[PDB]
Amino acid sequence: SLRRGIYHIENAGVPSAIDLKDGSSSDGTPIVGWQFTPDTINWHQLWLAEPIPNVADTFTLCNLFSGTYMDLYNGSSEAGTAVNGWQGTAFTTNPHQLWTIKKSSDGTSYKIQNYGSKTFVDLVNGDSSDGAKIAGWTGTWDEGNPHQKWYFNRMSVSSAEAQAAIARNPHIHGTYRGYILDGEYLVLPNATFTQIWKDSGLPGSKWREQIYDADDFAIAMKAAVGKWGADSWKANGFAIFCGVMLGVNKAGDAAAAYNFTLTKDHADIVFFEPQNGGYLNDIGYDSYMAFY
């Protein structure tokens, strides 16, 4: 099954993602194919998939930016029916906004079926143009048609996945304890993590004994990423990944505070020094506490 999470949904035939046009929250905003840049935040092209209780493999798809839902216009089963952004809720019974998402016949891409109409999300004519129509269309679960096949590029981790990434790190102290705060996290490209740091005012901040030392920098950076999350996105039900760690050196006679993020493949953590914006695989401390 598709897991709860945030996805960048990419056509199997051409490099077009599912895009809410101009990120608009207006009801009836067209959802279109659009080109994308890997290893960025594609602002209008992220979708939170919420599983529906007691309906197998069926989800709402909420645009992270607008907070509006993928909606099959009037639930029509006619081929060519508009797919738009529309106001809704995460656990709606409105079948216009319910989508059954299961693996295609290639076992890697998915098909997206409207629960009401039983028609499929279709990049019409496989058009690679920016702004190409996406429609509900006749189809089957088993056919090869790439117009109706979609790669669900997972952009989020669960708290379980974040925990596993920390646990396989070689710089964790014997006494380590972690404290999980949220359930599902958007993983930032380092380019975006760096931009939030650059815009926080921390690059200008001076180290001062106790009054603005390592713990102040690390907590400020976590607060800055929290503020950015709320200010940037209108959807709810996820957080932005940014951890704080406390660490102790090999000799056991110095301790530090710093941040951490996750690799592109979501498998490993990377340390971030908020005093200088550096990313490190070894920050010279073993972590004895984290909260994230």
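Residue indices: 1-based, along the sequence shown.
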- Item | Mean C-alpha B-factor comparison - 51-59 and 232-240, higher one | 51-59
- Comparing 42-50 with 250-258, the one whose average Cα B-factor in the PDB entry is higher: 250-258
- Query: Whose C-alpha has the highest temperature factor in the PDB entry: 211, 219, 132, 172?
  - Reply: 172
- Taking the entry's C-alpha B-factors for this chain, is residue 29 in the lowest, middle or highest third? lowest
- Task: Name the third of the chain's ranked CA B-factors that contains residue 281, choosing lowest, middle or highest.
- Result: highest
- Message: Can you tell me whether residue 100 has a C-alpha B-factor in the lowest, middle or highest third compared with the other modelled residues of the same chain?
- Response: middle
- Please rank the C-alpha B-factors of the chain's modelled residues and tell me whether residue 162 sits in the lowest, middle or highest third. highest
- Query: Which third of the chain holds residue 84 when residues are ordered by C-alpha B factor: lowest, middle or highest?
  - Reply: lowest
